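> So here's start24.pdb, just PDB, C-alpha atoms (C1' of nucleotides):
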```pdb
MODEL        1
ATOM      1  CA  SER S   1      24.552  41.545   1.544
ATOM      2  CA  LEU S   2      23.516  42.798  -1.894
ATOM      3  CA  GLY S   3      21.738  40.755  -4.543
ATOM      4  CA  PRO S   4      22.375  42.410  -7.903
ATOM      5  CA  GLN S   5      18.862  42.452  -9.354
ATOM      6  CA  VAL S   6      15.931  44.828  -9.699
ATOM      7  CA  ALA S   7      12.804  44.067  -7.697
ATOM      8  CA  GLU S   8      10.357  45.001 -10.490
ATOM      9  CA  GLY S   9      11.847  42.344 -12.785
ATOM     10  CA  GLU S  10      12.435  38.695 -11.900
ATOM     11  CA  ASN S  11      12.754  36.620  -8.735
ATOM     12  CA  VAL S  12      15.923  35.233  -7.188
ATOM     13  CA  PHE S  13      15.431  31.592  -6.224
ATOM     14  CA  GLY S  14      16.912  29.724  -3.308
ATOM     15  CA  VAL S  15      16.106  26.277  -1.966
ATOM     16  CA  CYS S  16      15.198  25.551   1.639
ATOM     17  CA  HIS S  17      15.212  22.194   3.386
ATOM     18  CA  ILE S  18      12.463  21.350   5.845
ATOM     19  CA  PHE S  19      13.811  18.416   7.845
ATOM     20  CA  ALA S  20      10.780  17.997  10.091
ATOM     21  CA  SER S  21      11.669  15.034  12.287
ATOM     22  CA  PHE S  22       9.585  13.796  15.206
ATOM     23  CA  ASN S  23      11.831  15.444  17.791
ATOM     24  CA  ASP S  24      13.062  18.620  16.056
ATOM     25  CA  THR S  25      12.645  20.747  12.945
ATOM     26  CA  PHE S  26      15.069  22.261  10.454
ATOM     27  CA  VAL S  27      14.403  25.230   8.193
ATOM     28  CA  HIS S  28      17.821  25.055   6.530
ATOM     29  CA  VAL S  29      18.111  27.385   3.508
ATOM     30  CA  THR S  30      20.848  27.263   0.862
ATOM     31  CA  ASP S  31      21.610  28.422  -2.680
ATOM     32  CA  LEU S  32      20.417  26.772  -5.897
ATOM     33  CA  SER S  33      23.305  24.270  -5.724
ATOM     34  CA  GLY S  34      23.540  23.590  -1.987
ATOM     35  CA  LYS S  35      27.255  24.188  -1.404
ATOM     36  CA  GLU S  36      26.547  27.560   0.264
ATOM     37  CA  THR S  37      23.952  27.759   3.027
ATOM     38  CA  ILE S  38      22.332  31.063   3.982
ATOM     39  CA  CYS S  39      20.548  30.469   7.276
ATOM     40  CA  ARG S  40      19.648  27.320   9.181
ATOM     41  CA  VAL S  41      17.466  27.693  12.266
ATOM     42  CA  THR S  42      15.928  24.803  14.180
ATOM     43  CA  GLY S  43      12.894  24.432  16.371
ATOM     44  CA  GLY S  44      15.104  23.780  19.373
ATOM     45  CA  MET S  45      16.682  27.237  19.382
ATOM     46  CA  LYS S  46      13.250  28.845  19.739
ATOM     47  CA  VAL S  47      11.943  27.330  22.996
ATOM     48  CA  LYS S  48      13.714  26.163  26.156
ATOM     49  CA  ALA S  49      11.885  22.855  26.449
ATOM     50  CA  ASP S  50      12.786  19.487  24.940
ATOM     51  CA  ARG S  51       9.200  18.274  24.617
ATOM     52  CA  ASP S  52       8.167  20.887  22.059
ATOM     53  CA  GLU S  53      11.240  21.064  19.844
ATOM     54  CA  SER S  54       9.008  19.363  17.268
ATOM     55  CA  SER S  55       5.839  21.276  18.109
ATOM     56  CA  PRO S  56       4.159  23.137  15.244
ATOM     57  CA  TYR S  57       4.490  26.454  17.074
ATOM     58  CA  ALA S  58       8.244  26.133  17.601
ATOM     59  CA  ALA S  59       8.392  25.529  13.868
ATOM     60  CA  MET S  60       6.022  28.407  13.127
ATOM     61  CA  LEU S  61       8.183  31.227  14.458
ATOM     62  CA  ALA S  62      11.403  29.525  13.439
ATOM     63  CA  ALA S  63       9.960  29.832   9.942
ATOM     64  CA  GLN S  64       9.271  33.537  10.397
ATOM     65  CA  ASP S  65      12.780  34.129  11.711
ATOM     66  CA  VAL S  66      14.553  32.542   8.766
ATOM     67  CA  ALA S  67      12.127  34.383   6.495
ATOM     68  CA  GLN S  68      13.323  37.768   7.735
ATOM     69  CA  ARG S  69      16.903  36.580   7.308
ATOM     70  CA  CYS S  70      16.284  35.833   3.626
ATOM     71  CA  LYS S  71      14.905  39.349   3.122
ATOM     72  CA  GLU S  72      17.974  41.603   3.256
ATOM     73  CA  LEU S  73      19.928  39.150   1.100
ATOM     74  CA  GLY S  74      17.559  39.226  -1.861
ATOM     75  CA  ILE S  75      15.602  35.962  -1.812
ATOM     76  CA  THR S  76      11.869  36.172  -2.412
ATOM     77  CA  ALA S  77      10.948  32.798  -3.934
ATOM     78  CA  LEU S  78      11.959  29.480  -2.401
ATOM     79  CA  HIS S  79      11.908  25.800  -3.261
ATOM     80  CA  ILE S  80      10.420  23.491  -0.645
ATOM     81  CA  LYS S  81      12.025  20.100   0.011
ATOM     82  CA  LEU S  82      10.369  18.028   2.723
ATOM     83  CA  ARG S  83      12.302  15.375   4.597
ATOM     84  CA  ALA S  84      11.165  12.934   7.242
ATOM     85  CA  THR S  85      13.599  11.001   9.411
ATOM     86  CA  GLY S  86      14.194   8.669   6.472
ATOM     87  CA  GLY S  87      16.458   5.660   6.469
ATOM     88  CA  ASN S  88      15.147   2.655   8.325
ATOM     89  CA  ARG S  89      12.975   4.895  10.512
ATOM     90  CA  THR S  90       9.693   6.618   9.602
ATOM     91  CA  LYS S  91       8.774   8.259   6.310
ATOM     92  CA  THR S  92       5.893  10.408   7.556
ATOM     93  CA  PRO S  93       6.964  14.034   8.090
ATOM     94  CA  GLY S  94       6.928  15.316  11.644
ATOM     95  CA  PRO S  95       4.209  17.378  13.304
ATOM     96  CA  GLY S  96       6.243  20.503  12.650
ATOM     97  CA  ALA S  97       6.039  19.990   8.896
ATOM     98  CA  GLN S  98       2.612  21.535   8.322
ATOM     99  CA  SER S  99       2.894  24.851  10.125
ATOM    100  CA  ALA S 100       6.489  25.407   9.000
ATOM    101  CA  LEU S 101       6.017  26.181   5.316
ATOM    102  CA  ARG S 102       2.556  27.610   5.945
ATOM    103  CA  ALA S 103       4.162  30.197   8.226
ATOM    104  CA  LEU S 104       6.579  31.333   5.535
ATOM    105  CA  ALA S 105       3.678  31.332   3.085
ATOM    106  CA  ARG S 106       2.233  34.106   5.263
ATOM    107  CA  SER S 107       5.660  35.677   5.791
ATOM    108  CA  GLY S 108       6.343  37.435   2.487
ATOM    109  CA  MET S 109       8.219  34.678   0.680
ATOM    110  CA  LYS S 110       7.199  33.083  -2.595
ATOM    111  CA  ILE S 111       7.078  29.349  -3.273
ATOM    112  CA  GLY S 112       8.474  27.367  -6.183
ATOM    113  CA  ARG S 113       8.603  23.576  -6.370
ATOM    114  CA  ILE S 114       7.677  21.139  -3.603
ATOM    115  CA  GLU S 115       9.438  17.808  -3.202
ATOM    116  CA  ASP S 116       9.841  15.009  -0.660
ATOM    117  CA  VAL S 117      13.488  13.991  -0.355
ATOM    118  CA  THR S 118      12.951  11.686   2.582
ATOM    119  CA  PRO S 119      15.910   9.362   1.955
ATOM    120  CA  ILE S 120      13.942   6.202   1.199
ATOM    121  CA  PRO S 121      16.359   3.263   1.170
ATOM    122  CA  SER S 122      16.312   0.746  -1.594
ATOM    123  CA  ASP S 123      16.738  -2.238   0.732
ATOM    124  CA  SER S 124      17.198  -1.290   4.367
ATOM    125  CA  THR S 125      19.720  -2.378   6.963
ATOM    126  CA  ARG S 126      18.463  -3.812  10.246
ATOM    127  CA  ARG S 127      16.030  -1.337  11.763
ATOM    128  CA  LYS S 128      16.634  -0.359  15.397
ATOM    129  CA  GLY S 129      14.619  -2.039  18.117
ATOM    130  CA  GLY S 130      14.166  -5.681  18.945
ATOM    131  CA  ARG S 131      12.239  -8.351  17.089
ATOM    132  CA  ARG S 132       9.495  -7.777  19.646
ATOM    133  CA  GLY S 133       9.614  -4.129  18.673
ATOM    134  CA  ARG S 134       9.286  -1.422  21.301
ATOM    135  CA  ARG S 135       7.154  -2.498  24.239
TER     136      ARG S 135
ATOM    137  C1'   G Q   1      29.744-120.146 -29.900
ATOM    138  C1'   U Q   2      26.883-116.724 -33.358
ATOM    139  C1'   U Q   3      23.536-112.586 -34.970
ATOM    140  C1'   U Q   4      18.149-111.385 -35.157
ATOM    141  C1'   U Q   5      12.939-112.027 -35.431
ATOM    142  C1'   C Q   6      11.584-110.345 -29.450
ATOM    143  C1'   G Q   7       9.685-107.320 -25.134
ATOM    144  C1'   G Q   8      12.271-103.269 -22.381
ATOM    145  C1'   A Q   9      15.906 -99.005 -21.967
ATOM    146  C1'   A Q  10      19.049 -95.243 -23.735
ATOM    147  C1'   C Q  11      21.078 -92.178 -27.604
ATOM    148  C1'   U Q  12      21.764 -90.037 -32.625
ATOM    149  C1'   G Q  13      19.694 -88.715 -37.891
ATOM    150  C1'   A Q  14      15.599 -87.337 -41.446
ATOM    151  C1'   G Q  15      11.161 -85.454 -41.096
ATOM    152  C1'   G Q  16       5.570 -84.858 -41.092
ATOM    153  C1'   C Q  17       2.363 -82.087 -38.011
ATOM    154  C1'   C Q  18       0.092 -78.027 -34.112
ATOM    155  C1'   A Q  19      -5.326 -72.849 -36.340
ATOM    156  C1'   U Q  20       3.032 -74.358 -34.513
ATOM    157  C1'   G Q  21       4.042 -71.278 -28.869
ATOM    158  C1'   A Q  22       3.806 -64.275 -26.542
ATOM    159  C1'   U Q  23      -4.001 -61.796 -23.302
ATOM    160  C1'   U Q  24      -4.885 -56.695 -22.750
ATOM    161  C1'   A Q  25      -2.258 -52.043 -22.749
ATOM    162  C1'   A Q  26      -5.272 -49.949 -16.034
ATOM    163  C1'   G Q  27      -8.813 -42.279 -15.161
ATOM    164  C1'   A Q  28      -1.661 -48.317 -11.810
ATOM    165  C1'   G Q  29       3.619 -47.136 -12.658
ATOM    166  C1'   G Q  30       8.460 -46.227 -14.869
ATOM    167  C1'   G Q  31      10.780 -44.290 -19.292
ATOM    168  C1'   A Q  32      11.297 -41.453 -24.108
ATOM    169  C1'   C Q  33       9.895 -37.188 -26.779
ATOM    170  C1'   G Q  34       7.305 -32.070 -27.563
ATOM    171  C1'   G Q  35       6.718 -26.716 -26.694
ATOM    172  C1'   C Q  36       6.592 -24.566 -22.275
ATOM    173  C1'   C Q  37       6.316 -22.939 -16.827
ATOM    174  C1'   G Q  38       8.258 -21.474 -12.090
ATOM    175  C1'   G Q  39      11.002 -15.815  -5.524
ATOM    176  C1'   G Q  40      12.941 -24.533  -7.118
ATOM    177  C1'   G Q  41      18.875 -25.602  -6.608
ATOM    178  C1'   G Q  42      24.338 -24.497  -7.531
ATOM    179  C1'   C Q  43      28.337 -21.512  -9.494
ATOM    180  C1'   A Q  44      29.716 -16.886 -11.299
ATOM    181  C1'   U Q  45      28.413 -11.815 -12.302
ATOM    182  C1'   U Q  46      25.928  -7.157 -12.055
ATOM    183  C1'   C Q  47      23.029  -3.196  -9.918
ATOM    184  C1'   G Q  48      20.283  -0.159  -6.318
ATOM    185  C1'   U Q  49      19.453   3.490  -2.634
ATOM    186  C1'   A Q  50      20.175   3.453   2.392
ATOM    187  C1'   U Q  51      23.165   2.966   6.714
ATOM    188  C1'   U Q  52      27.949   3.970   9.098
ATOM    189  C1'   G Q  53      32.752   6.017   8.671
ATOM    190  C1'   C Q  54      36.305   9.386   6.329
ATOM    191  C1'   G Q  55      37.827  13.779   3.518
ATOM    192  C1'   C Q  56      36.799  18.655   1.769
ATOM    193  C1'   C Q  57      33.268  22.833   1.658
ATOM    194  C1'   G Q  58      29.153  26.018   3.744
ATOM    195  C1'   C Q  59      26.636  28.433   7.855
ATOM    196  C1'   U Q  60      26.095  28.226  12.664
ATOM    197  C1'   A Q  61      24.648  26.563  18.804
ATOM    198  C1'   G Q  62      22.759  23.462  19.855
ATOM    199  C1'   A Q  63      21.938  18.184  18.544
ATOM    200  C1'   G Q  64      20.070  13.503  20.342
ATOM    201  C1'   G Q  65      16.472  10.840  22.631
ATOM    202  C1'   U Q  66      11.820  10.631  25.868
ATOM    203  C1'   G Q  67       5.254  10.137  28.320
ATOM    204  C1'   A Q  68       8.575  13.691  30.662
ATOM    205  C1'   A Q  69      14.082  13.809  31.126
ATOM    206  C1'   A Q  70      18.912  12.408  31.724
ATOM    207  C1'   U Q  71      23.250   9.329  30.171
ATOM    208  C1'   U Q  72      25.867  10.664  25.244
ATOM    209  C1'   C Q  73      27.856  14.283  20.975
ATOM    210  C1'   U Q  74      29.069  19.662  20.573
ATOM    211  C1'   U Q  75      32.920  26.762  19.089
ATOM    212  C1'   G Q  76      38.590  20.856  19.306
ATOM    213  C1'   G Q  77      32.275  23.096  14.816
ATOM    214  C1'   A Q  78      28.215  18.753  16.718
ATOM    215  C1'   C Q  79      23.642  18.344  14.203
ATOM    216  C1'   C Q  80      22.090  20.250   9.258
ATOM    217  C1'   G Q  81      23.381  21.427   3.352
ATOM    218  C1'   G Q  82      27.037  20.025  -0.694
TER     219        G Q  82
ENDMDL
END
```
Step by step, read the file and then write its structure as structure tokens.


Amino acid sequence: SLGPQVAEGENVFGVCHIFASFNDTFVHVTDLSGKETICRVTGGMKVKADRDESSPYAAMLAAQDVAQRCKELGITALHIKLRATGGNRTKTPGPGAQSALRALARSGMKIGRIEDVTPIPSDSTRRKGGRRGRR
RNA sequence: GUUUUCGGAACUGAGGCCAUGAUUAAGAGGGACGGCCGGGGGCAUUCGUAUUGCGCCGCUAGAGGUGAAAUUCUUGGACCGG
């Protein structure tokens, strides 16, 4: 676990994926390409209750935990990439989206580029739920 | 007996003549033509993510879903990243 660079020089960049759904959160971190992930921790592995897997708090300390994991490897600046549920479902990021990256903003990391990679379809398939919706 | 002058009837030929014969072109219609216009129609063709599945690769114990859960998937590696 040794990143070959001086601290007093430049910054090693990695990209993290915030998949903040409406029933869980993901703070997946990988390298600048994506074919090698460093640490992926979810909101569900931080509280033993289903109802708050997508709470902002369960995404606040899951952000601090992955932050400490990216310390001894040599990552100080990250790239944010938001993601809602995408597809035919919603495109608004979950309630755990706000406090996630704000936690790692106050957790020693640095921030690069922000992006929303919610996989917006061109022309959707049939969305789940009846014609009368969800009653 | 006979042809006609004779009235009537039919047909052919030359004409002369008519102020020689056809209303207008519907804020009715059809049609032609002109440059257009359009998620009109048919046939073909092309493209776009997404979804689902499969393969490989990464790291890992949870993932899903709910008002709250469970059924279901998961160290046989699920979910998540490529």

> Please expand the PyMOL selection byres ((chain Q) within 10 of (chain S)) into the concrete residues it hits in this file, giving the result as a list in words.

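Evaluating the PyMOL selection byres ((chain Q) within 10 of (chain S)) on these coordinates yields residues 48, 49, 50, 51, 57, 58, 59, 60, 61, 62, 63, 64, 65, 66, 67, 68, 69, 80, 81 and 82 of chain Q.
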
> What is the atom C1' of residue Q:76-atom CA of residue S:43 distance in Å, reported with one decimal?

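Those two atoms sit 26.1 Å apart.
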
> As an exercise, work out the distance from atom CA of residue S:52 to atom CA of residue S:129 in Å and give it to one decimal place.

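So the two atoms, atom CA of residue S:52 and atom CA of residue S:129, lie 24.1 Å apart.
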
> Exactly which residues make up the result of the PyMOL selection byres ((chain S and resi 72-84) around 9) on this file, given as a PyMOL selection string?

chain S and resi 1-5+7+11-22+29+32+38+68-71+85-86+89-94+97+101+108-119

> Quick one, how far is atom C1' of residue Q:78 from atom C1' of residue Q:54?

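Distance between the two atoms: 16.2 Å.
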
> Once 3 Å is added on each side, what are the centre and the three edge lengths, in Å to one decimal, of the axis-aligned box enclosing the listed atoms of stretch 49-63 of chain Q? Present them as lines of an AutoDock Vina configuration file.


```
center_x = 28.6
center_y = 15.7
center_z = 8.6
size_x = 24.4
size_y = 31.5
size_z = 28.5
```

> Expand the PyMOL selection byres ((chain S and resi 61) around 10) into the explicit residue set it covers here, and present it as a list in words.

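In the shown coordinates, the PyMOL selection byres ((chain S and resi 61) around 10) covers residues 43, 46, 56, 57, 58, 59, 60, 62, 63, 64, 65, 66, 67, 99, 100, 103 and 104 of chain S.
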
> Kindly reconstruct stretch 44-77 of chain S with N, CA and C atoms and present the result as a short mmCIF file (atom, residue, chain, number, x, y, z; two decimals), in the coordinates of the input.


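Full text of part36.cif as output:
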```cif
data_model
loop_
_atom_site.label_atom_id
_atom_site.label_comp_id
_atom_site.auth_asym_id
_atom_site.auth_seq_id
_atom_site.Cartn_x
_atom_site.Cartn_y
_atom_site.Cartn_z
N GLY S 44 14.60 23.90 18.02
CA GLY S 44 15.10 23.78 19.37
C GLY S 44 15.69 25.07 19.90
N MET S 45 16.12 25.95 19.00
CA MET S 45 16.68 27.24 19.38
C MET S 45 15.61 28.32 19.48
N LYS S 46 14.35 27.91 19.62
CA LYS S 46 13.25 28.84 19.74
C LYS S 46 12.40 28.64 20.98
N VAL S 47 12.64 27.57 21.74
CA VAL S 47 11.94 27.33 23.00
C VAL S 47 12.85 26.51 23.90
N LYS S 48 12.87 26.85 25.18
CA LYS S 48 13.71 26.16 26.16
C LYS S 48 12.93 25.03 26.82
N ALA S 49 12.54 24.07 25.98
CA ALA S 49 11.88 22.86 26.45
C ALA S 49 12.07 21.75 25.42
N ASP S 50 12.51 20.58 25.87
CA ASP S 50 12.79 19.49 24.94
C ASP S 50 11.51 18.96 24.30
N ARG S 51 10.41 18.97 25.05
CA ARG S 51 9.20 18.27 24.62
C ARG S 51 8.53 18.93 23.43
N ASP S 52 8.82 20.20 23.16
CA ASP S 52 8.17 20.89 22.06
C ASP S 52 9.17 21.43 21.06
N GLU S 53 10.33 20.78 20.94
CA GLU S 53 11.24 21.06 19.84
C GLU S 53 10.64 20.70 18.50
N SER S 54 9.69 19.78 18.48
CA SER S 54 9.01 19.36 17.27
C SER S 54 7.56 19.82 17.23
N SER S 55 7.17 20.72 18.13
CA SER S 55 5.84 21.28 18.11
C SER S 55 5.64 22.11 16.85
N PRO S 56 4.39 22.27 16.40
CA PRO S 56 4.16 23.14 15.24
C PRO S 56 4.45 24.59 15.53
N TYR S 57 4.24 25.05 16.76
CA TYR S 57 4.49 26.45 17.07
C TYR S 57 5.97 26.77 17.02
N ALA S 58 6.81 25.90 17.59
CA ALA S 58 8.24 26.13 17.60
C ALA S 58 8.82 26.05 16.20
N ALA S 59 8.07 25.46 15.28
CA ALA S 59 8.39 25.53 13.87
C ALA S 59 7.68 26.66 13.15
N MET S 60 6.71 27.31 13.79
CA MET S 60 6.02 28.41 13.13
C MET S 60 6.81 29.70 13.21
N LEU S 61 7.43 29.99 14.35
CA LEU S 61 8.18 31.23 14.46
C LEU S 61 9.62 31.04 14.03
N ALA S 62 10.13 29.81 14.08
CA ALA S 62 11.40 29.52 13.44
C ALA S 62 11.32 29.69 11.93
N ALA S 63 10.14 29.54 11.35
CA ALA S 63 9.96 29.83 9.94
C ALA S 63 9.89 31.32 9.67
N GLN S 64 9.30 32.10 10.57
CA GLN S 64 9.27 33.54 10.40
C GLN S 64 10.63 34.17 10.60
N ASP S 65 11.48 33.54 11.41
CA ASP S 65 12.78 34.13 11.71
C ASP S 65 13.74 33.93 10.55
N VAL S 66 13.71 32.75 9.93
CA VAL S 66 14.55 32.54 8.77
C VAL S 66 14.00 33.32 7.58
N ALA S 67 12.71 33.62 7.59
CA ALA S 67 12.13 34.38 6.50
C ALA S 67 12.67 35.80 6.48
N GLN S 68 12.77 36.42 7.65
CA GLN S 68 13.32 37.77 7.74
C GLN S 68 14.80 37.77 7.39
N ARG S 69 15.49 36.66 7.65
CA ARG S 69 16.90 36.58 7.31
C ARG S 69 17.12 36.48 5.81
N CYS S 70 16.19 35.90 5.07
CA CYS S 70 16.28 35.83 3.63
C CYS S 70 15.73 37.07 2.94
N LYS S 71 15.40 38.11 3.70
CA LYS S 71 14.90 39.35 3.12
C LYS S 71 16.03 40.27 2.67
N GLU S 72 16.92 40.65 3.58
CA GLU S 72 17.97 41.60 3.26
C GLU S 72 19.07 41.01 2.39
N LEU S 73 18.98 39.74 2.03
CA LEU S 73 19.93 39.15 1.10
C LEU S 73 19.42 39.15 -0.33
N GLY S 74 18.11 39.08 -0.53
CA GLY S 74 17.56 39.23 -1.86
C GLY S 74 16.84 38.00 -2.36
N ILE S 75 16.31 37.18 -1.45
CA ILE S 75 15.60 35.96 -1.81
C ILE S 75 14.13 36.18 -1.54
N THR S 76 13.30 36.00 -2.56
CA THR S 76 11.87 36.17 -2.41
C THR S 76 11.09 34.91 -2.73
N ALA S 77 11.60 34.05 -3.61
CA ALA S 77 10.95 32.80 -3.93
C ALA S 77 11.84 31.65 -3.50
#
```
